[PDB]
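**Q**
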Amino acid sequence: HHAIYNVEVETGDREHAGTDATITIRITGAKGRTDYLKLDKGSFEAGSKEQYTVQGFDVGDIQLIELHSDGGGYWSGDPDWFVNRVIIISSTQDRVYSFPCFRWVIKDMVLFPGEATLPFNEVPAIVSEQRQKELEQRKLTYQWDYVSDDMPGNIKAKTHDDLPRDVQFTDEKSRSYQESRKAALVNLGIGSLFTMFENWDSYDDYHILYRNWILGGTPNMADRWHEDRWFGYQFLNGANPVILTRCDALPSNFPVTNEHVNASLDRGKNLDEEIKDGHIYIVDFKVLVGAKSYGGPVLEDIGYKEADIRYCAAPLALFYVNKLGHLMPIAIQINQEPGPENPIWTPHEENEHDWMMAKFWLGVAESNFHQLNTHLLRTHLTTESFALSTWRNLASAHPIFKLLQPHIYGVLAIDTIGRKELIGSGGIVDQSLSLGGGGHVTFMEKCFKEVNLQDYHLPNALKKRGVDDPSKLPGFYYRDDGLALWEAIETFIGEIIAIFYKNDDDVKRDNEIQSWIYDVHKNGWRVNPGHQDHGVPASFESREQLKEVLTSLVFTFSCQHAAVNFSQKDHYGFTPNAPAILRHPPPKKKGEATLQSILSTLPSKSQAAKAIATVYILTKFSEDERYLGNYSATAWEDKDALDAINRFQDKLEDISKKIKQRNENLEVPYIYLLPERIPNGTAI
Ligand SMILES: [Ca+2]
Ligand SMILES: [Ca+2]
Ligand SMILES: [Ca+2]
Ligand SMILES: [Cl-]
Ligand SMILES: [Cl-]
Ligand SMILES: [Fe+2]
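Residues 372 to 414, 418 to 679, 688 to 1066 in the entry's author numbering are what the sequence shown spells out, letter by letter.
See the structure below:
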């Protein structure tokens, strides 16, 4: 009683997926196991589907398989082998066994047939043993490390190439990244020569700086940045749509009166009435107090007491929804502590240059807050903790591992690269931000102390901010598109949960999902001295709770990151629209600003050029990117999971059509939350 096994192996299409190592396969079932059988005839190229017929002991019902690679011979260039799937038919069994993989094969790989399972679901003992062994190994490979006591946990890895191959960039992403860095150096050098002796004379001089870059079009604020309406617009639909809140009373330290702003109001009501009516909005950049900027200045409540010396601010700014539904800037106080030396500036300044300068100070605060808090910390660095916990704690056979895989990809890679090339001394931030030079890390630490997982729940966060009423605050497309996508992701995730978890007891009994959240709770977002609670539960008690955390996480990896990252070309491409460095301290009296003093405070030509270069690198989509819901490289087998995926993709298609229809009637289409433009993950 031998059996004949027909074995088909599908190698992934990605670069270097293939192998010339000698490959064998051991088959285990109810009756025993075969020896390692050779899969020897023909090549294993990328994208190949290769068939083998091997004979051995009849194992009966197949329960697991083991692939072994000899790691190549002397001439083998890249023996590591990326395997999509193995399909086996045994001559003795009236069944097709399907073993999804979608992971790199180094020397040994154990695979199980059929649908995903929770750890307590009934399977052969040998399957449970192998599952436990996988997780033991994961914990050795995937280890916690920390920038400081005040930063979320990251993966331990010296450089990108020290990362497990499963979490490195694909070669296509590495090429996209490395080529972007080369192109940026070339464009910077050519632009430097071209503008070398230019007398930087006017705001329009900065337009030259994006001209020799492939950005996907002229920044859409280039022609309108100087208009108060479009300045206001970007607090809803630009790169940092996260800080504006409804103002139900002026802060005590921001003493704006009806006299300051009455000339801007246009619905027939005074400031107090407009506040009650829900048409008054505010930003408060208080968190920036104490920030250390390059060259040494330290920000105080009052502001500040040839060298590269940079400045920031902690402003408050007031906005008004006018009768046409436009969000208009109506008052700015550049720093926190009000008085004659830190007054209230309005669009009605006697000296028009004073109002423009006030707007630039608001923009510098916004840029440093956006790049470091909204983007780097609150997408990349904080979600990285969850990516790491997924690898540490969820088995590859776990349905939530399968769900998260397409979404967690990239973040470990880019952050590992970034801990050198973006956050590191001399790096991207140091050249392009006021807070570069070291103050940027302290600032992220300060922000992290306040981070709560509830912040990542879009509907709750928009409601908390008072920005979710379209009748009071119209024209807010980040909200509208974000909420549509939140709902689609939440529906999908709930349907997936319902397939594998039949009730709350199933969640409670799932030791892997419990380990997963506890690892983040205890080791990931550590509540350390001086930290607020981080809102990370120590355990899961229900399917609804599991859904809310997964939805928050998936939405952040994909949608949130896209909205605050890929919006950067339009926001920052024309430097005066959004300066990230200022070179002189703020005014201590009114009447000082001239075009010339403004141009000397704004970023230099080369500072501006480096901001553009940075944006170019951080916004480059890889040629192998997969966008939201594209699950072509996922390990699902369950028919009901496949159906839930179908419904999700169809819903995303409907959302995409609705967004395009909405956009065809907009002066400035809002495109960053189209599903075809949202990567599954945070990869750049
Ligand atoms: Ca290879
Ligand atoms: Ca072949
Ligand atoms: Ca399908
Ligand atoms: Cl055998
Ligand atoms: Cl499955
Ligand atoms: Fe990013």
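Built from N, CA and C at the ideal position, the CB exists for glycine as well.
For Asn632, which residues of its own chain have a beta-carbon under 6 Å away from its beta-carbon, when the five flanking residues on both sides are left out?
**A** Start at 1 with the first residue of the sequence shown, and residue 632 comes out as number 258. For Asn632, where only same-chain residues beyond five positions count, the Cβ hits under 6 Å are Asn644 and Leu645.
**Q** Helix, strand or coil for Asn1012, going by three-state DSSP, please let me know.
**A** Translated into positions along the sequence shown, residue 1012 becomes position 630. Coil at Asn1012, not helix or strand.
**Q** Going straight from the alpha carbon of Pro911 to that of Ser767, what length do you get?
**A** Counting from one through the sequence shown, the residue named residue 911 turns up at place 529. Counting from one through the sequence shown, the residue named residue 767 turns up at place 385. Cα to Cα, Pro911 sits roughly 19 Å from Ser767.
**Q** State yes or no: is the C-beta of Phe939 within less than 8 Å of the C-beta of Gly1063?
**A** Taking the sequence shown and counting its residues from 1, the one referred to as residue 939 is at position 557. Taking the sequence shown and counting its residues from 1, the one referred to as residue 1063 is at position 681. Yes, they are a contact pair.
**Q** Does the distance from the C-beta atom of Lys784 to that of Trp449 stay below 8 Å?
**A** For the purposes of this step, residue 784 is taken as residue 402 along the sequence shown, with counting starting at 1. For the purposes of this step, residue 449 is taken as residue 75 along the sequence shown, with counting starting at 1. For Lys784 and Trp449, no; Cβs fall outside 8 Å.
**Q** Assuming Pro697 and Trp743 are in contact, meaning their beta carbons sit under 8 Å apart, how far apart are those beta carbons, in whole angstroms?
**A** Against the sequence shown, residue 697 aligns to sequence position 315. Against the sequence shown, residue 743 aligns to sequence position 361. Right, the Cβ-Cβ distance comes to about 6 Å (below 8 Å), so this counts as a contact.
**Q** Using only CA atoms, which one of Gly906, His752, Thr761 and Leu1024 lies nearest to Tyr954?
**A** The residue given as residue 954 occupies position 572 in the sequence shown. Looking at the Cα atoms, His752 is the closest of the given residues.
**Q** Assuming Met738 is part of the alpha helix (DSSP H), what are its boundary residues?
**A** The residue you call residue 738 lines up with position 356 of the sequence shown. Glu734 to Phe751 is the span of the alpha helix (DSSP H), which, as asked, contains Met738.
**Q** Return the chain-ordered list of same chain residues with a C-beta closer than 7 Å to the C-beta of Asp797, the five sequence neighbours on each side being excluded.
**A** Looking up residue 797 in the sequence shown gives position 415. Closer than 7 Å at Cβ, skipping near neighbours: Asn528, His762, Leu763 and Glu766.
**Q** Mind checking whether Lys666 and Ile714 have CB atoms under 8 Å apart?
**A** Here residue 666 refers to the residue found at position 292 of the sequence shown. Here residue 714 refers to the residue found at position 332 of the sequence shown. No, Cβ-Cβ distance for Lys666 and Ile714 is not below 8 Å.
**Q** With 16 other CB atoms within 10 Å as the buried threshold, where does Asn704 fall?
**A** For the purposes of this step, residue 704 is identified with residue 322 of the sequence shown, where counting begins at 1. Label assigned to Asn704: buried.
**Q** Report yes if the C-beta distance between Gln425 and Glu381 is below 8 Å; otherwise report no.
**A** Reading the sequence shown from its first residue, position 51 is the one you call residue 425. Reading the sequence shown from its first residue, position 10 is the one you call residue 381. No.
**Q** Since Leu1000 and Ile1066 should fall inside the 8 Å C-beta cutoff, what is the C-beta to C-beta distance between them, to a whole number of angstroms?
**A** Within the sequence shown, the letter at position 618 stands for residue 1000. Within the sequence shown, the letter at position 684 stands for residue 1066. Right, the Cβ-Cβ distance comes to about 6 Å (below 8 Å), so this counts as a contact.
**Q** Looking at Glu419 and ligand 2, is the gap between the Cβ and the nearest heavy atom below 7 Å?
**A** Here residue 419 refers to the residue found at position 45 of the sequence shown. No, since every heavy atom of ligand 2 falls outside the 7 Å radius drawn around the Cβ of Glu419.
**Q** Check whether the Cβ of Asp1020 lies closer than 7 Å to any heavy atom of ligand 5, and answer yes or no.
**A** Walking along the sequence shown from the start, residue 1020 turns up at place 638. Correct: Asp1020 has its Cβ closer than 7 Å to ligand 5.
**Q** So, helix, strand or coil for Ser982, using DSSP?
**A** Walking along the sequence shown from the start, residue 982 turns up at place 600. Here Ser982 sits in helix by DSSP.
**Q** Can you tell me the Cα-Cα spacing of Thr569 and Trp587, whole angstroms?
**A** Position 195 of the sequence shown, counted from the start, is the residue given in the question as residue 569. Position 213 of the sequence shown, counted from the start, is the residue given in the question as residue 587. So the two alpha carbons sit approximately 14 Å from each other.
**Q** Examine ligand 4 and report whether any of its heavy atoms sits within less than 7 Å of the Cβ of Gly430.
**A** Working through the sequence shown from its first residue, we reach residue 430 at position 56. Correct: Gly430 has its Cβ closer than 7 Å to ligand 4.
**Q** Identify every residue that forms a DSSP beta bridge with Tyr954.
**A** To locate residue 954, count along the sequence shown from 1; it is residue 572. In DSSP, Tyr954 forms no bridge with anything.
**Q** Which residues bound the beta strand (DSSP E) around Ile656?
**A** Indexing the sequence shown from 1 puts residue 656 at position 282. Counting along the chain, the beta strand (DSSP E) containing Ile656 begins and ends at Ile654 to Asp658.
**Q** Measuring CB to CB, does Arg620 end up less than 8 Å from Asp1006?
**A** Walking along the sequence shown from the start, residue 620 turns up at place 246. Walking along the sequence shown from the start, residue 1006 turns up at place 624. Their beta carbons are not under 8 Å apart, which means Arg620 does not touch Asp1006 by this criterion.
**Q** Excluding the 5 residues preceding and the 5 following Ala392 in the sequence, name in chain order all residues of the same chain whose CB lies nearer than 7 Å to its CB.
**A** Indexing the sequence shown from 1 puts residue 392 at position 21. Once the five neighbours on either side are set aside, the close Cβ partners of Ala392 are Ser443, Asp444, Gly445, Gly446, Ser450, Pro453 and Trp455.
**Q** Between which two residues does the beta strand (DSSP E) holding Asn1028 run?
**A** Taking the sequence shown and counting its residues from 1, the one referred to as residue 1028 is at position 646. Looking at the DSSP string, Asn1028 is not in any beta strand (DSSP E); the run it does join, the alpha helix (DSSP H), is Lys1021 to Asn1045.
**Q** In terms of residues, what are the limits of the beta strand (DSSP E) holding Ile871?
**A** Residue numbering aside, residue 871 sits at position 489 when the sequence shown is read from its first letter. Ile871 -> not in any beta strand (DSSP E); alpha helix (DSSP H) instead, spanning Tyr859 to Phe882.
**Q** Just curious, the alpha helix (DSSP H) that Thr798 is in, first and last residue?
**A** Stepping through the sequence shown from its first residue, residue 798 is reached at position 416. Its alpha helix (DSSP H) spans residues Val793 to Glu803.
**Q** Pick from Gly876, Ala960, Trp907 and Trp478: whose alpha carbon is nearest that of residue 686?
**A** For residue 686, nothing is modelled; it lies in the interval where the chain passes from 679 to 688 with no residues in between.
**Q** Counting along the chain, where does the beta strand (DSSP E) carrying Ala374 start and finish?
**A** Numbered from 1 along the sequence shown, position 3 holds the residue referred to as residue 374. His373 to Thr382 is the extent of the beta strand (DSSP E) around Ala374.
**Q** Only counting runs of 4 or more residues, tell me where the alpha helix (DSSP H) segments fall wholly within the region 563-632, in order along the chain.
**A** Runs of the alpha helix (DSSP H) inside the region 563-632: 602-611.
**Q** For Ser472, tell me which candidate among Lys1021, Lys1040, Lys650 and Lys1039 has the shortest Cα-Cα distance.
**A** On the sequence shown, position 98 is the one that residue 472 refers to. Ranking the options by Cα distance to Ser472, first place goes to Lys1021.
**Q** Consider the C-beta atom of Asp406 and the heavy atoms of ligand 4; say whether any pair is separated by less than 7 Å.
**A** For the purposes of this step, residue 406 is identified with residue 35 of the sequence shown, where counting begins at 1. Yes, ligand 4 has a heavy atom inside 7 Å of this Cβ.
**Q** Could you give the C-beta distance for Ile462 and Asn377, rounded to a whole number, given that I count them as a contact under 8 Å?
**A** Reading the sequence shown from its first residue, position 88 is the one you call residue 462. Reading the sequence shown from its first residue, position 6 is the one you call residue 377. With 8 Å as the limit, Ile462 and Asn377 qualify as a contact, their Cβ atoms being about 7 Å apart.
**Q** When you compare only the Cα positions, how much space is there between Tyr998 and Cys829?
**A** Taking the first residue of the sequence shown as position 1, residue 998 is located at position 616. Taking the first residue of the sequence shown as position 1, residue 829 is located at position 447. Rounded to the nearest angstrom, the two C-alpha atoms are 26 Å apart.
**Q** Compare the Cα-Cα distances from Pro720 to each of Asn733, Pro625 and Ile654 and report the closest residue.
**A** Here residue 720 refers to the residue found at position 338 of the sequence shown. Looking at the Cα atoms, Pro625 is the closest of the given residues.
**Q** If you reduce the DSSP assignment to three classes, tell me which class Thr544 lands in.
**A** The count along the sequence shown starts at 1 and reaches residue 544 at position 170. Three-state result, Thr544: coil.
**Q** Less than 7 Å between the CB of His762 and some heavy atom of ligand 6, yes or no?
**A** The count along the sequence shown starts at 1 and reaches residue 762 at position 380. It does: the Cβ of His762 is within 7 Å (strictly closer) of some heavy atom of ligand 6.
**Q** Using the C-alpha atoms, what's the distance from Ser934 back to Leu840?
**A** If you number the sequence shown from 1, residue 840 lands on position 458. If you number the sequence shown from 1, residue 934 lands on position 552. Near 8 Å, if we compare the C-alpha coordinates of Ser934 and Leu840.
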